[PDB]
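Data file: coords.pdb. Format and content: PDB, C-alpha atoms and all ligand atoms.
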ATOM      1  CA  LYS N   1     -17.522  -1.833  -6.842  1.00  0.00           C
ATOM      2  CA  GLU N   2     -13.977  -2.722  -5.760  1.00  0.00           C
ATOM      3  CA  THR N   3     -11.752  -3.202  -8.794  1.00  0.00           C
ATOM      4  CA  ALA N   4      -9.066  -5.893  -8.933  1.00  0.00           C
ATOM      5  CA  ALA N   5      -6.406  -3.197  -8.665  1.00  0.00           C
ATOM      6  CA  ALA N   6      -8.123  -1.732  -5.594  1.00  0.00           C
ATOM      7  CA  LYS N   7      -8.370  -5.188  -4.023  1.00  0.00           C
ATOM      8  CA  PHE N   8      -4.625  -5.680  -4.525  1.00  0.00           C
ATOM      9  CA  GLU N   9      -3.946  -2.377  -2.753  1.00  0.00           C
ATOM     10  CA  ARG N  10      -6.214  -3.402   0.163  1.00  0.00           C
ATOM     11  CA  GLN N  11      -4.750  -6.905   0.469  1.00  0.00           C
ATOM     12  CA  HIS N  12      -1.105  -6.121  -0.207  1.00  0.00           C
ATOM     13  CA  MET N  13      -0.079  -2.475   0.137  1.00  0.00           C
ATOM     14  CA  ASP N  14       1.080  -0.960   3.410  1.00  0.00           C
ATOM     15  CA  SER N  15       3.286   1.960   2.455  1.00  0.00           C
ATOM     16  CA  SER N  16       2.657   3.669   5.829  1.00  0.00           C
ATOM     17  CA  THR N  17       5.367   1.772   7.734  1.00  0.00           C
ATOM     18  CA  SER N  18       8.966   1.080   6.706  1.00  0.00           C
ATOM     19  CA  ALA N  19       8.963  -2.448   8.113  1.00  0.00           C
ATOM     20  CA  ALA N  20       8.621  -1.978  11.876  1.00  0.00           C
ATOM     21  CA  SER N  21       5.739  -4.479  11.948  1.00  0.00           C
ATOM     22  CA  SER N  22       5.417  -5.545  15.559  1.00  0.00           C
ATOM     23  CA  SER N  23       4.718  -9.166  16.510  1.00  0.00           C
ATOM     24  CA  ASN N  24       1.013  -8.283  16.446  1.00  0.00           C
ATOM     25  CA  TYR N  25       1.120  -6.516  13.049  1.00  0.00           C
ATOM     26  CA  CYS N  26      -0.414  -9.421  11.151  1.00  0.00           C
ATOM     27  CA  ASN N  27      -3.130 -10.093  13.751  1.00  0.00           C
ATOM     28  CA  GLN N  28      -4.157  -6.448  13.430  1.00  0.00           C
ATOM     29  CA  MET N  29      -3.668  -5.915   9.691  1.00  0.00           C
ATOM     30  CA  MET N  30      -5.300  -9.138   8.487  1.00  0.00           C
ATOM     31  CA  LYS N  31      -8.374  -8.075  10.472  1.00  0.00           C
ATOM     32  CA  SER N  32      -8.426  -4.396   9.489  1.00  0.00           C
ATOM     33  CA  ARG N  33      -7.876  -5.108   5.779  1.00  0.00           C
ATOM     34  CA  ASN N  34     -10.831  -7.502   6.004  1.00  0.00           C
ATOM     35  CA  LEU N  35      -8.963 -10.719   5.226  1.00  0.00           C
ATOM     36  CA  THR N  36     -10.475 -12.557   8.215  1.00  0.00           C
ATOM     37  CA  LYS N  37     -14.115 -11.929   7.325  1.00  0.00           C
ATOM     38  CA  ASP N  38     -15.354 -15.223   5.870  1.00  0.00           C
ATOM     39  CA  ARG N  39     -12.317 -17.250   6.930  1.00  0.00           C
ATOM     40  CA  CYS N  40      -8.764 -16.827   8.164  1.00  0.00           C
ATOM     41  CA  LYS N  41      -6.916 -16.152   4.907  1.00  0.00           C
ATOM     42  CA  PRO N  42      -4.028 -18.591   5.449  1.00  0.00           C
ATOM     43  CA  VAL N  43      -1.167 -16.550   3.845  1.00  0.00           C
ATOM     44  CA  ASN N  44      -0.872 -12.869   2.863  1.00  0.00           C
ATOM     45  CA  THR N  45       1.980 -10.436   2.150  1.00  0.00           C
ATOM     46  CA  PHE N  46       2.048  -6.682   2.747  1.00  0.00           C
ATOM     47  CA  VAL N  47       4.434  -4.518   0.738  1.00  0.00           C
ATOM     48  CA  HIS N  48       5.986  -1.514   2.497  1.00  0.00           C
ATOM     49  CA  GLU N  49       7.035   0.482  -0.559  1.00  0.00           C
ATOM     50  CA  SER N  50       5.333   3.347  -2.374  1.00  0.00           C
ATOM     51  CA  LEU N  51       2.399   2.463  -4.613  1.00  0.00           C
ATOM     52  CA  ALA N  52       4.343   3.909  -7.539  1.00  0.00           C
ATOM     53  CA  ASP N  53       7.308   1.595  -6.882  1.00  0.00           C
ATOM     54  CA  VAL N  54       5.027  -1.451  -6.672  1.00  0.00           C
ATOM     55  CA  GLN N  55       3.037  -0.424  -9.754  1.00  0.00           C
ATOM     56  CA  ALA N  56       6.357   0.020 -11.597  1.00  0.00           C
ATOM     57  CA  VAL N  57       7.053  -3.707 -11.149  1.00  0.00           C
ATOM     58  CA  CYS N  58       4.545  -4.380 -13.965  1.00  0.00           C
ATOM     59  CA  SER N  59       7.171  -3.109 -16.415  1.00  0.00           C
ATOM     60  CA  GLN N  60      10.127  -4.913 -14.811  1.00  0.00           C
ATOM     61  CA  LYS N  61      11.283  -8.558 -15.117  1.00  0.00           C
ATOM     62  CA  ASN N  62       8.654 -10.721 -16.827  1.00  0.00           C
ATOM     63  CA  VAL N  63       8.506 -14.212 -15.224  1.00  0.00           C
ATOM     64  CA  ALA N  64       6.077 -17.167 -15.223  1.00  0.00           C
ATOM     65  CA  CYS N  65       3.289 -17.061 -12.623  1.00  0.00           C
ATOM     66  CA  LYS N  66       2.933 -20.006 -10.261  1.00  0.00           C
ATOM     67  CA  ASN N  67      -0.279 -20.921 -12.111  1.00  0.00           C
ATOM     68  CA  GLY N  68       1.478 -21.035 -15.482  1.00  0.00           C
ATOM     69  CA  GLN N  69       0.170 -17.722 -16.799  1.00  0.00           C
ATOM     70  CA  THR N  70       2.787 -15.404 -18.307  1.00  0.00           C
ATOM     71  CA  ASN N  71       1.714 -12.056 -16.853  1.00  0.00           C
ATOM     72  CA  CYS N  72       3.891 -12.024 -13.728  1.00  0.00           C
ATOM     73  CA  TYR N  73       6.721  -9.588 -12.995  1.00  0.00           C
ATOM     74  CA  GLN N  74       9.572  -9.716 -10.529  1.00  0.00           C
ATOM     75  CA  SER N  75      10.973  -6.543  -8.947  1.00  0.00           C
ATOM     76  CA  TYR N  76      14.540  -5.642  -9.960  1.00  0.00           C
ATOM     77  CA  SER N  77      15.222  -4.494  -6.410  1.00  0.00           C
ATOM     78  CA  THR N  78      14.408  -6.123  -3.087  1.00  0.00           C
ATOM     79  CA  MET N  79      11.419  -4.618  -1.292  1.00  0.00           C
ATOM     80  CA  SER N  80      10.442  -4.346   2.359  1.00  0.00           C
ATOM     81  CA  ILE N  81       7.594  -6.817   2.977  1.00  0.00           C
ATOM     82  CA  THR N  82       5.805  -8.566   5.803  1.00  0.00           C
ATOM     83  CA  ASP N  83       4.517 -12.105   5.387  1.00  0.00           C
ATOM     84  CA  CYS N  84       1.476 -13.135   7.439  1.00  0.00           C
ATOM     85  CA  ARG N  85       0.969 -16.845   8.022  1.00  0.00           C
ATOM     86  CA  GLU N  86      -1.905 -18.319  10.011  1.00  0.00           C
ATOM     87  CA  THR N  87      -0.718 -20.042  13.211  1.00  0.00           C
ATOM     88  CA  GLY N  88      -1.506 -23.703  13.810  1.00  0.00           C
ATOM     89  CA  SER N  89      -3.647 -22.870  16.839  1.00  0.00           C
ATOM     90  CA  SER N  90      -5.596 -20.200  14.952  1.00  0.00           C
ATOM     91  CA  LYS N  91      -9.360 -20.635  15.080  1.00  0.00           C
ATOM     92  CA  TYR N  92     -11.850 -18.533  13.092  1.00  0.00           C
ATOM     93  CA  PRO N  93     -13.154 -15.975  13.907  1.00  0.00           C
ATOM     94  CA  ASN N  94     -10.126 -15.346  16.160  1.00  0.00           C
ATOM     95  CA  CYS N  95      -7.609 -15.587  13.337  1.00  0.00           C
ATOM     96  CA  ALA N  96      -3.996 -15.638  14.537  1.00  0.00           C
ATOM     97  CA  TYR N  97      -0.873 -14.982  12.470  1.00  0.00           C
ATOM     98  CA  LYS N  98       2.901 -15.150  12.616  1.00  0.00           C
ATOM     99  CA  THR N  99       4.406 -11.831  11.461  1.00  0.00           C
ATOM    100  CA  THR N 100       7.642 -12.077   9.452  1.00  0.00           C
ATOM    101  CA  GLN N 101       9.433  -9.027   8.042  1.00  0.00           C
ATOM    102  CA  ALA N 102      11.839  -9.489   5.126  1.00  0.00           C
ATOM    103  CA  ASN N 103      13.558  -7.789   2.215  1.00  0.00           C
ATOM    104  CA  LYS N 104      12.975  -9.709  -0.973  1.00  0.00           C
ATOM    105  CA  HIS N 105      12.042  -9.338  -4.611  1.00  0.00           C
ATOM    106  CA  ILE N 106       8.292  -9.476  -5.115  1.00  0.00           C
ATOM    107  CA  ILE N 107       6.481 -11.183  -7.972  1.00  0.00           C
ATOM    108  CA  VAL N 108       3.051  -9.776  -8.919  1.00  0.00           C
ATOM    109  CA  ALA N 109       0.529 -10.561 -11.678  1.00  0.00           C
ATOM    110  CA  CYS N 110      -0.457  -7.508 -13.709  1.00  0.00           C
ATOM    111  CA  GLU N 111      -3.545  -6.879 -15.828  1.00  0.00           C
ATOM    112  CA  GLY N 112      -5.584  -4.135 -17.436  1.00  0.00           C
ATOM    113  CA  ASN N 113      -5.218  -0.679 -18.945  1.00  0.00           C
ATOM    114  CA  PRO N 114      -3.500   0.862 -17.116  1.00  0.00           C
ATOM    115  CA  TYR N 115      -1.380  -2.259 -16.532  1.00  0.00           C
ATOM    116  CA  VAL N 116      -1.205  -2.633 -12.762  1.00  0.00           C
ATOM    117  CA  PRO N 117      -0.758  -5.342 -10.152  1.00  0.00           C
ATOM    118  CA  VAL N 118      -3.816  -7.504  -9.466  1.00  0.00           C
ATOM    119  CA  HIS N 119      -2.339 -10.472  -7.556  1.00  0.00           C
ATOM    120  CA  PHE N 120       0.625 -11.133  -5.282  1.00  0.00           C
ATOM    121  CA  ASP N 121       2.259 -14.307  -6.603  1.00  0.00           C
ATOM    122  CA  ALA N 122       5.425 -14.787  -4.540  1.00  0.00           C
ATOM    123  CA  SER N 123       8.520 -13.296  -2.967  1.00  0.00           C
ATOM    124  CA  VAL N 124      12.005 -14.547  -3.794  1.00  0.00           C
TER     125      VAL N 124
HETATM  126  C1  LIG N 201       2.694 -17.297  -1.870  1.00  0.00           C
HETATM  127  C2  LIG N 201       1.968 -16.077  -1.456  1.00  0.00           C
HETATM  128  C3  LIG N 201       0.601 -15.980  -1.562  1.00  0.00           C
HETATM  129  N1  LIG N 201      -0.039 -14.817  -1.194  1.00  0.00           N
HETATM  130  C4  LIG N 201      -1.482 -14.818  -1.287  1.00  0.00           C
HETATM  131  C5  LIG N 201      -2.396 -13.919  -2.166  1.00  0.00           C
HETATM  132  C6  LIG N 201      -2.838 -14.172  -3.481  1.00  0.00           C
HETATM  133  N2  LIG N 201      -3.666 -13.077  -3.813  1.00  0.00           N
HETATM  134  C7  LIG N 201      -4.337 -12.978  -5.062  1.00  0.00           C
HETATM  135  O1  LIG N 201      -5.401 -12.057  -5.052  1.00  0.00           O
HETATM  136  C8  LIG N 201      -6.640 -12.745  -4.677  1.00  0.00           C
HETATM  137  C9  LIG N 201      -7.689 -12.538  -5.741  1.00  0.00           C
HETATM  138  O2  LIG N 201      -8.319 -13.767  -6.084  1.00  0.00           O
HETATM  139  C10 LIG N 201      -6.226 -14.199  -4.429  1.00  0.00           C
HETATM  140  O3  LIG N 201      -6.040 -14.502  -3.051  1.00  0.00           O
HETATM  141  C11 LIG N 201      -4.958 -14.345  -5.265  1.00  0.00           C
HETATM  142  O4  LIG N 201      -5.271 -14.495  -6.644  1.00  0.00           O
HETATM  143  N3  LIG N 201      -3.777 -12.289  -2.811  1.00  0.00           N
HETATM  144  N4  LIG N 201      -3.036 -12.736  -1.808  1.00  0.00           N
HETATM  145  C12 LIG N 201       0.654 -13.811  -0.680  1.00  0.00           C
HETATM  146  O5  LIG N 201       0.108 -12.797  -0.341  1.00  0.00           O
HETATM  147  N5  LIG N 201       1.999 -13.889  -0.570  1.00  0.00           N
HETATM  148  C13 LIG N 201       2.661 -14.998  -0.944  1.00  0.00           C
HETATM  149  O6  LIG N 201       4.029 -15.065  -0.825  1.00  0.00           O
END

Could you write out this file's structure as structure tokens?
Amino acid sequence: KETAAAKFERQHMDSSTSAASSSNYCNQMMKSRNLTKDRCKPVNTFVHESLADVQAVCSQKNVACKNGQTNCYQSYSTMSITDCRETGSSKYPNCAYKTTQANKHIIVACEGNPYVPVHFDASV
């Protein structure tokens, strides 16, 4: 079974590229990471930092989660990320996405022992 921590890595980690996400990066990645299986997942962010650096965020700046829970953490440093946002003309199963690279602080929700990221909450 896929753990919550594993699902976060599949949905949100892409350490293999620095940023250089082409204009088709999201179209490709949303498909390959299986986020277009039952529906076009409308928004999803990939983090291009090492897994260790992202996992380390769980011991960084504690902040409120968008849902009001208190287990979210904001990175002290900006991180290379790519936001994927479904286009207006996108039609399942042919999910289409706008690919936007940025450098921003991430906010993740962390849970468990070991305490690791399980949701991507926001970037600021
Ligand atoms: C605003 C925002 C949302 N998301 C979606 C998300 C949430 N999650 C969490 O993990 C899944 C498990 O239920 C859910 O989609 C959400 O809880 N995964 N992707 C981004 O990726 N970047 C963002 O800037």

(request) I need the residue set behind the PyMOL selection byres (((chain N and resi 86) around 9) and not hetatm) for this file; please write it as a ChimeraX atom specification. (result) /N:40-43,84-85,87-90,95-98

If we count all atoms listed in the file, what is near residue 20 (chain N) at a cut-off of 10 Å, once residues fewer than 3 positions away on the same chain are taken out, given as a short mmCIF file (atom, residue, chain, number, x, y, z; two decimals) with C-alpha atoms, in the coordinates of the input?
data_model
loop_
_atom_site.label_atom_id
_atom_site.label_comp_id
_atom_site.auth_asym_id
_atom_site.auth_seq_id
_atom_site.Cartn_x
_atom_site.Cartn_y
_atom_site.Cartn_z
CA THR N 17 5.37 1.77 7.73
CA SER N 23 4.72 -9.17 16.51
CA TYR N 25 1.12 -6.52 13.05
CA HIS N 48 5.99 -1.51 2.50
CA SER N 80 10.44 -4.35 2.36
CA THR N 82 5.80 -8.57 5.80
CA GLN N 101 9.43 -9.03 8.04
#

Find the nearest atom pair between each residue of chain N and ligand LIG 201 (chain N) for residues within 6 Å, count only C-alpha atoms and all ligand atoms, give distances in Å to one decimal, sort rows by chain and ascending number, and present the table as a tab-separated table.
residue	atom	partner	partner_atom	distance
N:43	CA	N:LIG201	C4	5.4
N:44	CA	N:LIG201	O5	3.4
N:45	CA	N:LIG201	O5	3.9
N:119	CA	N:LIG201	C7	4.1
N:120	CA	N:LIG201	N2	4.9
N:121	CA	N:LIG201	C2	5.5
N:122	CA	N:LIG201	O6	4.0
N:123	CA	N:LIG201	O6	5.3

(message) Quick one: residues within 7 Å of region 58-70 of chain N, only C-alpha atoms, excluding same-chain residues fewer than 6 positions away - as an MDAnalysis selection string?
(response) chainID N and resid 76 110 115:117 121

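Relative to CA of residue 71 (chain N), CA of residue 15 (chain N) is found at 23.9 Å.
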
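Ranking N:51, N:118, N:107, N:102 by their shortest atom-to-atom distance to residue 14 (chain N), with all atoms listed in the file included, puts N:51 first.
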
Centre and edge lengths of an axis-aligned box around all listed atoms of region 56-73 of chain N, with 8 Å added on each side, are to be given in Å to one decimal, as JSON.
{"center_x": 5.5, "center_y": -10.5, "center_z": -14.3, "size_x": 27.6, "size_y": 37.1, "size_z": 24.0}

(message) Suppose a student applies the PyMOL selection byres (((chain N and resi 78) around 8) and not hetatm) to this structure; what residues should they get, written as a PyMOL selection string?
(response) chain N and resi 75-77+79-80+103-106

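Going from CA of residue 111 (chain N) to CA of residue 53 (chain N) covers 16.4 Å.
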
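What separates CA of residue 29 (chain N) from CA of residue 109 (chain N) is a distance of 22.3 Å.
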